[PDB]
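*Asks:* The following block contains the structure, expressed as structure tokens.
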Number of protein chains: 2
Amino acid sequence: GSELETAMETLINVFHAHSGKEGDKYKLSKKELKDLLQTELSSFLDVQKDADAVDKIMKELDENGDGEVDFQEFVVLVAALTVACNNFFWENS
Amino acid sequence: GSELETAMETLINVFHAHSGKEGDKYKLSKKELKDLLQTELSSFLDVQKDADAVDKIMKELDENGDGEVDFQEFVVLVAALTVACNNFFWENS
């Protein structure tokens with residue numbers, strides 16, 4: 001019910017959008033989850049900032065893109081990318 | 001504009017709610033940020049799962065609660081707590 005608490009519930013519902021395959025509710029194998037957000041956050045390409053942070057995250061998905069990611073992995077890894085493009089000016093319009 | 005992209009924009013606006021002090025937009029010192037979410041996620045106390053994950057996160061805020069946290073720190077640390085209470089049954093009603 002709180003503003004921050006409300007955000008937590010919304011994230012779980014959207015995860016179902018991609019993971020709702022009903023098979024693996026997880027955020028899928030690391031190789032796929034990256035294809036989904038790396039493209040969904042297209043505005044991310046609008047202005048990359050720290051290539052070192054993005055570079056490390058890409059290391060886990062490329063070393064074993066067959067690994068796995070779930071809610072804590074989707075949130076921690078996606079927030080980590082935000083470091084590399086945390087630019088608030090990354091507005092697409 | 002996408003469902004996952006929309007969640008990213010909403011999180012920044014609520015951070016302003018607590019951090020909007022206008023001084024430090026960061027998520028504040030680690031000691032305070034924990035007081036805010038540890039209480040806001042009250043349903044978290046509804047059913048703690050892995051005390052080891054929560055225990056490690058508490059280590060950073062207790063070793064130097066005077067440290068600092070920002071957007072990537074608030075998202076990665078708060079998602080990390082979700083590991084300790086990821087219980088979907090943690091419904092308060």
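By order in the structure tokens, chains are A, B, ...; within a chain, residues start at 1; ligands start at 1, following the order shown.
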Just need the residues of chain A within 9 Å of chain B, counting only C-alpha atoms, so spit them out as a list in words.
*Replies:* residues 2, 3, 4, 5, 7, 8, 10, 11, 14, 15, 17, 37, 40, 41, 71, 72, 73, 75, 76, 77, 79, 80, 81, 82, 83 and 86 of chain A
*Asks:* Just the residues within 10 Å of residue 34 in chain A, please, counting only C-alpha atoms, with nothing from its chain fewer than 2 positions along; format it as a list in words.
*Replies:*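 Counting only the stated atoms, we get residues 27, 28, 29, 30, 31, 32, 36, 37, 38, 39, 40, 57, 58, 61, 62, 65, 69, 74, 77 and 78 of chain A.
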*Asks:* Those residues with C-alpha atoms, as a PDB file, in the first residue's frame please?
*Replies:*
```
ATOM      1  CA  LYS A  27      13.393 -14.362 -15.227  1.00  0.00           C
ATOM      2  CA  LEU A  28      14.572 -17.109 -17.652  1.00  0.00           C
ATOM      3  CA  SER A  29      18.104 -18.078 -18.629  1.00  0.00           C
ATOM      4  CA  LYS A  30      20.601 -15.196 -18.393  1.00  0.00           C
ATOM      5  CA  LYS A  31      21.036 -15.220 -22.177  1.00  0.00           C
ATOM      6  CA  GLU A  32      17.332 -14.468 -22.767  1.00  0.00           C
ATOM      7  CA  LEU A  36      14.527  -8.662 -23.211  1.00  0.00           C
ATOM      8  CA  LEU A  37      15.709  -5.740 -20.997  1.00  0.00           C
ATOM      9  CA  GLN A  38      18.708  -4.685 -23.058  1.00  0.00           C
ATOM     10  CA  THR A  39      16.119  -3.943 -25.767  1.00  0.00           C
ATOM     11  CA  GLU A  40      13.220  -2.808 -23.545  1.00  0.00           C
ATOM     12  CA  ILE A  57      27.021  -7.560 -15.862  1.00  0.00           C
ATOM     13  CA  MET A  58      27.538  -8.729 -19.449  1.00  0.00           C
ATOM     14  CA  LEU A  61      25.382 -13.548 -19.017  1.00  0.00           C
ATOM     15  CA  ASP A  62      28.160 -14.255 -21.579  1.00  0.00           C
ATOM     16  CA  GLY A  65      24.173 -17.100 -20.597  1.00  0.00           C
ATOM     17  CA  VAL A  69      17.837 -15.300 -13.207  1.00  0.00           C
ATOM     18  CA  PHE A  74      16.297  -9.435 -12.439  1.00  0.00           C
ATOM     19  CA  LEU A  77      21.111  -7.040 -12.466  1.00  0.00           C
ATOM     20  CA  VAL A  78      18.744  -4.556 -14.113  1.00  0.00           C
TER      21      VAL A  78
END
```
*Asks:* Could you go through chain A and tell me which residues DSSP, when run on the backbone, assigns to alpha helix (DSSP H), listing them as a count of residues only?
*Replies:* 60
*Asks:* What does the distance from CA of residue 23 in chain A to CA of residue 46 in chain B come to in Å, to one decimal?
*Replies:*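 Between these atoms lies a distance of 27.7 Å.
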